[PDB]
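Asker: Whatever this is, show me its structure:
(chains A and B)
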Amino acid sequence: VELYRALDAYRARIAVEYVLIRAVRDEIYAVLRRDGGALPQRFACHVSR
Amino acid sequence: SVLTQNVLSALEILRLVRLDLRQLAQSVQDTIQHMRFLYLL
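Answerer: Numbers count the residues shown, from 1 in each chain, chains lettered A, B, ... in the order given. Dropping the coordinates below:
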C-alpha cells in the first residue's frame, strides 16, 4: 500500500503541465461557445471578402 | 572396535522439501496479488 501511495503521488506530480493544457483547451472551447463563434480581429493583417 | 533404514533419513529431509514447496507457493501467490494490487489499471 505504501508503494501504491507512492505511485499515485507520482501520478499527481507528473500531470501539472497536462492539466494546465487541458484547462487552456476548455477555456478556448468555452469562450468559442460564449461569443457565438464570431471571432473579432486582434492581430493586424489584411483580409479578403 | 540396508536401504529401508536410510530411506527414512531421506524422508526426514523430504519433510523440509515440503516446507520449502509451501514457502515457494506462498511467494508466488504474494507476487501475483502484489502485482495485481499495484500495476494493473
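Asker: Output the contacting helices and strands for the helix or strand containing residue B:7.
Answerer: Assigned by DSSP states H and E, residue B:7 belongs to helix B:3-38. Under the contact criterion of 3 or more Cβ pairs under 8 Å, 6 or more residues apart in numbering or on different chains; DSSP states H and E, helix B:3-38 touches helix A:2-14. For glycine as for every other residue, the C-beta is placed from the backbone atoms N, C-alpha and C.
Asker: can you list the residues of chain A near chain B?
Answerer: A:1, A:3, A:4, A:7 (Cβ under 8 Å from any Cβ of the partner chain).
Asker: could those go into TSV alongside neighbour count?
Answerer: Formatted as TSV, the residues of chain A next to chain B follow (neighbours: other Cβ atoms under 10 Å in any protein chain shown):
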residue	neighbour count
A:1	7
A:3	10
A:4	12
A:7	13
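Asker: In chain A, where's the longest helix?
Answerer: Longest helix in chain A, counting residues (DSSP state H): helix A:16-34.
Asker: Could you report the separation of the residue of chain A found nearest chain B from residue B:38?
Answerer: Nearest residue of chain A to chain B: residue A:4, at 5.6 Å (Cβ to the nearest Cβ). Distance check for residue A:4 against residue B:38: by Cβ to Cβ, to the nearest Å, it reads 6 Å.
Asker: swap in residue B:16?
Answerer: 32 Å.
Asker: Neighbour count for those two, which is higher?
Answerer: With neighbours defined as other Cβ atoms under 10 Å in any protein chain shown, residue B:16 and residue B:38 compare such that residue B:38 has more, 13 against 9.
Asker: Return the residues in contact with the more buried one.
Answerer: A:3, A:4, A:7 (Cβ atoms under 8 Å, 6 or more residues apart in numbering or on different chains).
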